[PDB]
Each structure stands twice: as structure tokens, then as C-alpha cells.
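Chains as they are written, first to last, in the deposited numbering: chain B, 10 to 125; chain A, 10 to 124; chain A', 10 to 124; chain B', 10 to 125. A prime marks a further copy of an entry chain.
Working notes, beginning with the structure itself.
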Ligand SMILES: *[B@@H-]1OC(=O)c2cc(/C=C/c3ccc4c(c3)C(=O)O[B-]4(O)O)ccc21
Ligand SMILES: *[BH-]1OC(=O)c2cc(/C=C/c3ccc4c(c3)C(=O)O[B-]4(O)O)ccc21
């Protein structure tokens, strides 16, 4: 699993379940091409987005759909989504975990990058 | 000052100085149109971005060029930049502070919306 | 103002108002001695805690009574309070801002140390 | 595992390894009695601190020794440690994960509380 996303809810003190995530990759013409998508599980985790073969060098954008999450819970949040934009695999293949902690008016994101 | 941006450095415990910040307004065809920009001050703040007349309801994106900031300090960072995307709403209070706390592999952002 | 405290609310996107804050100084026998206290203002800030003469080098603890803040809003929180423990050092810059961002099950804190 | 601690390093983008953690429990006389301690693994995780039988109702303090961590890496950080103080198990037994994200002048902590 070269790319995984984990999301927590800071209001409930729980995983953030059923959060939609869309991944994009910058194309040769500088536009954002759709790359993969999914939604977090009961554990707040999203596995299986991509494969080592498919996850080549590039600039990637991980869009976490925080507004749809909070709205689905009847809350009116500030942000449209959380965007995480990074260059991947430019010193060879790595494994990336993108973690996010959500509140209605705030979010934090961190990356864990390991060499397999 | 309907819109202010404040950036802090979690490695040095200081304002993040001379960081470029670009604000964009989502257009009817979903593209991002330049709206305002500047560089944070010695206190990590960027004032004077817009006026109440110009800052109408809509979706806005604040892009903070974190990568150049870290490179200038000799540190290799993870993100290309930090992005804060939000809807301005006339119902709610009238002044928006977008704050961001920067680390090489992480950032946090919060909105302080007051009258 | 050698020491300032600023508290923000991540659920409502606002200053955290009327929050009690207690500062303690570690004594030679390792107990925590009351040093200064107050309540955050309408802007979430507490100024005037100490003076440069009194704020000598040493270990200090800032306790933010987050539990009462959330209960007053009708929200059940996790922490008894937030604690920020640090050494004041004359070498480094002279003004300390302790900032804290509050959620029911989480908090973040950073130090902004300037001259 | 009723109590687990996970620590990440926001400068390196990695687990925070070999972080000492001391847990205390408030006694009947209002003092902090030592309850359990350990250090994080190569994965940044600390398991096996306590048992369901031992982890009774009480007010607990989890002290994460961030200064010793940063100093062991030759860095001069701001905080002495990160303290996480909470009432546990007062509506029956729960499982607690205490997570922390560290920088030299900043830290964030969140709790994940589940009912087994
Ligand atoms: B994310 O995790 C954080 O700890 C954090 C902190 C902040 C912003 C704190 C802040 C806001 C406004 C002001 C200060 C600090 C300050 O020192 O002076 B101020 O201009 O009044 C944002 C996001 C995250
Ligand atoms: B920003 O401010 C935060 O407090 C924060 C917290 C996190 C969470 C990271 C995390 C917690 C638990 C677990 C992982 C990651 C993980 O990879 O596995 B796990 O043990 O289930 C992210 C960002 C921010």
C-alpha cells in the first residue's frame, strides 16, 4: 500500500468514517487529472487507492471532502475540503500515510513517509 | 480589513516572515481567478488584501507558498504549498482571520471569524 | 508584557472567551507555586500576567481550564485541562506568546517567542 | 489494550521512536501516583501499559517526555513535556488511544475513545 489516508474527528474523539477522498495527479499540460478515489472505513482508514506500478513520480493532490462529512452530520463547517499537495517518489518509491484531524473550523494534516 | 492571514513557524517558534500568499476567487466556470496576494510581514501577518466592497460571497482559496519558505531555511519540506478553501458568508460575522501553523511535514489551519 | 496567552475555539471559529488560566512557577522542592492567573478577554487573550522584573528564568506551567469552557457550551470534553510546561530562557528573545487551539477531544499549542 | 500512546514527528515525517512516557493516577490524597511507563517503538507506538483489571476509574495524566526526545536528537525544544490529563472509565471501561504530533516549539494531542 504505497498511499494511505487516515482521518480523525476531534469533536467526537473517534475515527472519521465515510469521508470521501479524491486523489489527482498533475498532467503534462499542468491540469489536475483524476487519479484515484475512495472513502474512509469504520476505522477512519482508506486503503487500496493505488499500486506500486501505477503510483509513479509526480505532483499529487489529496482532496479530503470535509464539508460533505460535516454536513452529512448536520454541522455547518468553514472549509470546503482539506487539500494536501506534494511531490511523490522523486527519490524512488516511498510509502505515504496522509493523516488529518478535523474540527468544524480547523484541520491539521501530517505525512508519514517510509522507505520499504 | 475583511480578510487577514497569519502564518507561524512551529520549528523556530516565530512568525513566518516573507512568505508569499495568493488568494483566488472561484469563477462561474469553476476556474480559480487571481484575487489578491502579498508577503507576510515581520509579524507573520498579511493585511490589506481586500476591501469590504470587493469581498463578496463566494468560494475563495488561500495558497501559502510553504515550500519556498522551508527551502530558504535549508530544510526539505513535504508539501508544495498549503491551501485553505472556504466559502465567505454574509450571514456570519464579518472579519476572517486565516491562521496557519507550519512544520516541514505538517500544517494546521484554523479560521477566526469575528464581528 | 513578557508573557501573553491566547486561546482559540476550533468548533466555533472564534476566540475562546472567559477561560480561566493559571500560571505556576516550579519551586526548588519541585512543587508548583501559584504565580499569576486571570480570564481570557473577548479577543481570547490574557495580558498583564507578569512583569519583566518578576519573570525570571525557571520552569513554568500554564494551565488552561478547558473542561469548564466546554461544559458552559453544553459539550462534553475529554481533557481535565490543557497544560503547557516550558523553561523561560534569558538567552532567547524576550516576549513569550503561548497559543492554544481547543477542540472537545484535542488541543494544540505553540510558542511564539519574539524580541 | 485499554490505553495506547502514538507519537509522530512533524519535522521528519516519521513515527517518533524511543519517546519516554510516564502515566500517573490521582490518589485519594490528591497527589499523582506513578501508574505505568514505557517508551515508543520503531512504529511510534506504546502498547502494554496496563490491563483492563488495573485500569480502573480515575483521573490520569499521560506525560510524554518531548524535551528528552528532541535533546537526544541534538535539538533545543521549547516545552518540557506534553501533558494529557483526563478522567477515564467513568461510564464503564473504554479503550483510549492518546496521539501526539511533535515539533520543536509546538505539539498537538488528540484522543480516540472506543467502546469494546
Ligand atoms: B493548528 O495547530 C495550532 O496549534 C494552530 C495555531 C494557529 C494560530 C494561532 C494564533 C492565531 C492568531 C494570533 C496568534 C496565534 C498570535 O500569536 O497572535 B495573533 O495574531 O493574535 C492556527 C492553526 C493551528
Ligand atoms: B494535526 O493535529 C493533530 O493533532 C493531528 C493528528 C493526526 C493523527 C495521526 C494518527 C493517529 C493515529 C494513528 C495514525 C495517525 C496512524 O497512522 O495509525 B494510527 O495508529 O491508527 C494527524 C494530523 C494532525
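Here a beta-carbon is modelled for each residue, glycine too, at the ideal position from N, C-alpha and C.
- Item | Per-residue DSSP class, three states only, for residue 77 of chain A | As a first step, residue 77 of chain A must be located in the second chain, where it is residue number 68. DSSP places residue 77 of chain A within a helical segment (H, G or I) once states are collapsed to three.
- Item | Residue from B':30, B':96 and B':125 with nearest C-alpha to residue 72 of chain B' | Taking the fourth chain and counting its residues from 1, the one referred to as residue 72 of chain B' is at position 63. Measuring from the Cα of residue 72 of chain B', the nearest candidate turns out to be B':30.
- Where residue 58 of chain A' sits in the DSSP three-state scheme: For the purposes of this step, residue 58 of chain A' is taken as the residue at position 49 of the third chain. In this structure, residue 58 of chain A' counts as coil in the three-state DSSP scheme.
- Please classify residue 86 of chain B': does DSSP put it in a helix, a strand, or coil? The sequence position of residue 86 of chain B' within the fourth chain is 77, counting from 1. Three-state result, residue 86 of chain B': coil.
- Query: Applying a beta-carbon distance threshold of less than 7 Å, which residues of chain A neighbour residue 120 of chain A'?
  - Reply: Here residue 120 of chain A' refers to the residue found at position 111 of the third chain. For residue 120 of chain A', the chain A residues whose C-beta falls within less than 7 Å of its own C-beta are 22, listed in chain order.
- Query: So is the beta-carbon of residue 123 of chain B' under 7 Å away from any non-hydrogen atom of ligand 1?
  - Reply: Sequence index remark: in the fourth chain, residue 123 of chain B' carries index 114 (1-based). Because no heavy atom of ligand 1 lies under 7 Å away, the Cβ of residue 123 of chain B' does not count as near it: no.
- Ignore the nearest five residues each way along the sequence and tell me which others in residue 90 of chain A''s own chain have a CB closer than 8 Å to its CB. Position 81 of the third chain, counted from the first residue, corresponds to residue 90 of chain A'. Cβ neighbours of residue 90 of chain A' beyond the five flanking positions: 72, 73, 74, 75 and 76.
- Message: I need the DSSP call for residue 42 of chain A', collapsed to helix, strand or coil.
- Response: One-based indexing of the third chain puts residue 42 of chain A' at position 33. Residue 42 of chain A' carries a strand assignment under DSSP once its states are collapsed to helix, strand and coil.
- Query: Would you say residue 91 of chain A reaches chain B', if we count a Cβ-Cβ gap shorter than 8 Å as a contact?
  - Reply: If you number the second chain from 1, residue 91 of chain A lands on position 82. No, its Cβ sits nowhere closer than 8 Å to a Cβ of chain B'.
- Query: Can you give the beta carbon distance from residue 87 of chain B to residue 120 of chain B, rounded, assuming they're within the 8 Å contact cut?
  - Reply: Here residue 87 of chain B corresponds to residue number 78 of the first chain, with the count starting at 1. Here residue 120 of chain B corresponds to residue number 111 of the first chain, with the count starting at 1. At roughly 23 Å, the Cβ-Cβ gap does not stay under 8 Å, so residue 87 of chain B and residue 120 of chain B are not in contact.
- Which residues in the same chain as residue 17 of chain B' place their Cβ atom closer than 8 Å to its Cβ, once the five residues preceding and following it in sequence are excluded? For the purposes of this step, residue 17 of chain B' is identified with residue 8 of the fourth chain, where counting begins at 1. So the list reads 23, 24, 25, 53, 108, 109, 110 and 111, once near-sequence residues are dropped.
- Task: Between the Cα of residue 85 of chain A' and those of B:10, B:11, B:13 and B:20, spot the shortest distance and give me the residue it belongs to.
- Result: On the third chain, residue 85 of chain A' is found 76 positions in, with the first residue counted as 1. Nearest of B:10, B:11, B:13 and B:20 to residue 85 of chain A', Cα basis: B:20.
- For residue 114 of chain A, which of helix, strand or coil comes out of DSSP? The residue labelled residue 114 of chain A in the question sits at position 105 within the second chain. Coil at residue 114 of chain A, not helix or strand.
- Task: Check whether the Cβ atoms of residue 32 of chain A' and residue 46 of chain A' sit closer than 8 Å, and answer yes or no.
- Result: Taking the third chain and counting its residues from 1, one reaches residue 32 of chain A' at position 23. Taking the third chain and counting its residues from 1, one reaches residue 46 of chain A' at position 37. Cβ distance < 8 Å, so residue 32 of chain A' and residue 46 of chain A' count as in contact.
- Task: Check each candidate in B:65, B:10, B:116 and B:104 and name the one with the smallest Cα separation from residue 56 of chain B.
- Result: In the first chain, the residue the question calls residue 56 of chain B occupies position 47. For the set B:65, B:10, B:116 and B:104, the Cα lying nearest the Cα of residue 56 of chain B is the one of B:10.
- Message: Given the structure, does residue 119 of chain A' come close to ligand 1, in the sense that its CB is under 7 Å from one of the ligand's heavy atoms?
- Response: The residue given as residue 119 of chain A' occupies position 110 in the third chain. Yes - ligand 1 has a heavy atom lying nearer than 7 Å to the Cβ of residue 119 of chain A'.
- Item | 6 Å Cβ shell around residue 122 of chain B' - same chain, five flanking residues per side excluded | By 1-based counting over the fourth chain, the position of residue 122 of chain B' is 113. Cβ neighbours of residue 122 of chain B' beyond the five flanking positions: 103 and 105.
- Could you name the residues of the same chain whose beta carbon sits closer than 7 Å to that of residue 34 of chain A, not counting the 5 residues immediately before and after it, in chain order? As a first step, residue 34 of chain A must be located in the second chain, where it is residue number 25. 42, 44, 67 and 69, listed in sequence order.
- Taking C-alpha atoms, which residue in A':12, A':28 and A':36 lies nearest to residue 81 of chain A'? Counting from 1 along the third chain, the entry for residue 81 of chain A' is found at position 72. Distance from the Cα of residue 81 of chain A' is smallest, within the candidate group A':12, A':28 and A':36, for A':28.
- Residue range of the beta strand (DSSP E) that includes residue 18 of chain A: As a working note, residue 18 of chain A is residue 9 in the second chain. Residues 12 to 18.
- Item | C-beta contact flag for residue 116 of chain A and residue 59 of chain B at 8 Å | The residue given as residue 116 of chain A occupies position 107 in the second chain. The residue given as residue 59 of chain B occupies position 50 in the first chain. Cβ atoms of residue 116 of chain A and residue 59 of chain B: not closer than 8 Å.
- Checking contacts by CB at 8 Å: is residue 78 of chain A' closer than that to chain B'? As a first step, residue 78 of chain A' must be located in the third chain, where it is residue number 69. Not flagged as an interface residue toward chain B': residue 78 of chain A', since no C-beta distance is shorter than 8 Å.
- Message: Which residue marks the beginning of the beta strand (DSSP E) containing residue 65 of chain A, and which one marks its end?
- Response: Sequence index remark: in the second chain, residue 65 of chain A carries index 56 (1-based). First-last for residue 65 of chain A: undefined, no H or E at that position.
- Message: Taking its Cβ as the centre, do 16 or more other Cβ atoms sit within 10 Å of residue 125 of chain B', making it buried, or is it exposed?
- Response: Within the fourth chain, residue 125 of chain B' is the residue found at index 116, counting from 1. Counting Cβ neighbours within 10 Å, residue 125 of chain B' comes out exposed, since fewer than 16 surround it.
- Going straight from the alpha carbon of residue 36 of chain A to that of residue 64 of chain A, what length do you get? For the purposes of this step, residue 36 of chain A is taken as the residue at position 27 of the second chain. For the purposes of this step, residue 64 of chain A is taken as the residue at position 55 of the second chain. Cα to Cα, the separation comes out at about 14 Å.
- Message: Can you find the residues in the same chain that come closer than 8 Å, C-beta to C-beta, to residue 13 of chain A', ignoring five residues on each side of it along the sequence?
- Response: Translated into positions along the third chain, residue 13 of chain A' becomes position 4. If you ignore the 5 residues before and after residue 13 of chain A', its C-beta comes within less than 8 Å of the C-beta of 54, 55, 56, 58, 104, 105, 106 and 107, all in its own chain and listed in chain order.
- Item | Burial state of residue 92 of chain A' (16 or more Cβ within 10 Å) | Within the third chain, numbered from 1, the residue matching residue 92 of chain A' stands at position 83. With 16 or more other Cβ atoms within 10 Å, it is buried.
- Item | Start and end residues, beta strand (DSSP E) containing residue 28 of chain A' | The residue you call residue 28 of chain A' lines up with position 19 of the third chain. No beta strand (DSSP E) contains residue 28 of chain A', which DSSP labels as neither H nor E.
- Where residue 47 of chain A' falls: helix, strand or coil (DSSP): Counting from 1 along the third chain, the entry for residue 47 of chain A' is found at position 38. Residue 47 of chain A' falls in the strand class under three-state DSSP.
- Task: Report yes or no: is there a C-beta of chain A' within less than 8 Å of the C-beta of residue 19 of chain B?
- Result: Locating residue 19 of chain B in the first chain gives position 10, where the first residue counts as 1. Closer than 8 Å to some Cβ of chain A', the Cβ of residue 19 of chain B qualifies, so yes.
- Query: Looking only at DSSP bridge pairs, what is residue 7 of chain B linked to?
  - Reply: Residue 7 of chain B lies beyond the residue range present for chain B, which begins at 10 and ends at 125; the question has no answer from this structure.
- State the Cα-Cα distance for the pair residue 39 of chain B' and residue 83 of chain A', rounded to the nearest angstrom. Mapped onto the fourth chain, residue 39 of chain B' falls at position 30. Mapped onto the third chain, residue 83 of chain A' falls at position 74. If you take the alpha carbons of residue 39 of chain B' and residue 83 of chain A', they lie about 27 Å apart.
- Query: Which one of B':99, B':61, B':15 and B':79 has the shortest CA to CA distance from residue 113 of chain B'?
  - Reply: On the fourth chain, residue 113 of chain B' is found 104 positions in, with the first residue counted as 1. Out of B':99, B':61, B':15 and B':79, B':79 has the C-alpha closest to the C-alpha of residue 113 of chain B'.
- Message: So that I know if they touch, is there some Cβ in chain B' lying closer than 8 Å to that of residue 123 of chain A'?
- Response: Reading the third chain from its first residue, position 114 is the one you call residue 123 of chain A'. No, because no Cβ of chain B' sits closer than 8 Å to the Cβ of residue 123 of chain A'.
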